[PDB]
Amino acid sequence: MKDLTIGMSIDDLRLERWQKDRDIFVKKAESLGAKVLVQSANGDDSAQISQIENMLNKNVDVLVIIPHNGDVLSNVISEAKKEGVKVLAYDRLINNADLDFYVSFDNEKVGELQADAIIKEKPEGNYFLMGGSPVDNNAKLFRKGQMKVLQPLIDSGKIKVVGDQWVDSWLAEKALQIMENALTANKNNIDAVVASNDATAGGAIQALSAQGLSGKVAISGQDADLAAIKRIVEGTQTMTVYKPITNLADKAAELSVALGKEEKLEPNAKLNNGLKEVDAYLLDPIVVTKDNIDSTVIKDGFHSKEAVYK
């Protein structure tokens, strides 16, 4: 049986979740006898490219990529394919690429859950939509799900959208700036903020808190960062979407190994990336509110009750 090396290329380690993605996946893939190389581009596209090429040069059998920019990797991926390398897209889809497979959560469903919980908290009023990174395919999918829910209420005029901004590279500080400016331009007449992840909600909430609005404006999130959990506890963030990282990382590990033995995979979705429909496996997300923090995140050991409350 051939030895297997997996090349893992990741965006950055700024969002709390990616550390756990990387560590959990390495541990698992190593349990299955693979050697994992891992490299972080720290948000630089050209750097990502170079790192993927470094790994191709080290003759990895499988590439596991978390793209910074899902539109800039087409070429380097086709060069991998010429060399017989299997390519698995991790969490964020890569567009116009010769991908073998894609593993992620139902990201459209995530969006919808976010909006569902916010129009529950604030059924009428002024709404600000805070998109994710404009070069992450997931940011568009979150929005797409958000809208499915939000649209019927826009069209009945029960809701009014008073801003719509995407936050470059998911940075919390760019989210703060955007929210700071939004509040100003609206004279603080915003009722709800559909923010697409925890790091950016948190950005926005510091802006809200500067105006005495934290706790009074409904805001969404995802990843269940420890900080976001405590905010939900304190009444500052309405909700977050929990995405069990262990289950995703474990499945990607299993899939990496299967692609290396050329096994027939079992997809449960197919996603058109512009070049082709990519076989995909999507996990189900979980809504976390103040009531079920104990049913979900502490129950799974994602965060300990000591971390959350003490």
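Just count from 1 along the sequence shown to find any residue number.
Higher average CA B factor: 118-126, of the stretches 169-177 and 118-126. Averaged over CA atoms, B-factors in the entry run higher in 272-280 than in the other of 272-280 and 23-31. Highest CA B-factor among the listed residues (139, 85, 228, 97): 97.
Within the selection 235, 163, 132, 203, the deposited Cα B-factor values reach their highest point at 163. Sort the chain's modelled residues by C-alpha temperature factor and residue 65 lands in the highest third, per the entry. Among the modelled residues of the chain, residue 250 sits in the middle third by CA temperature factor in this PDB entry. Among all modelled residues in this chain, the alpha-carbon of residue 6 has a temperature factor (C-alpha) in the lowest third. Among all modelled residues in this chain, the alpha-carbon of residue 147 has a temperature factor (C-alpha) in the highest third.
Among all modelled residues in this chain, the alpha-carbon of residue 40 has a temperature factor (C-alpha) in the middle third.
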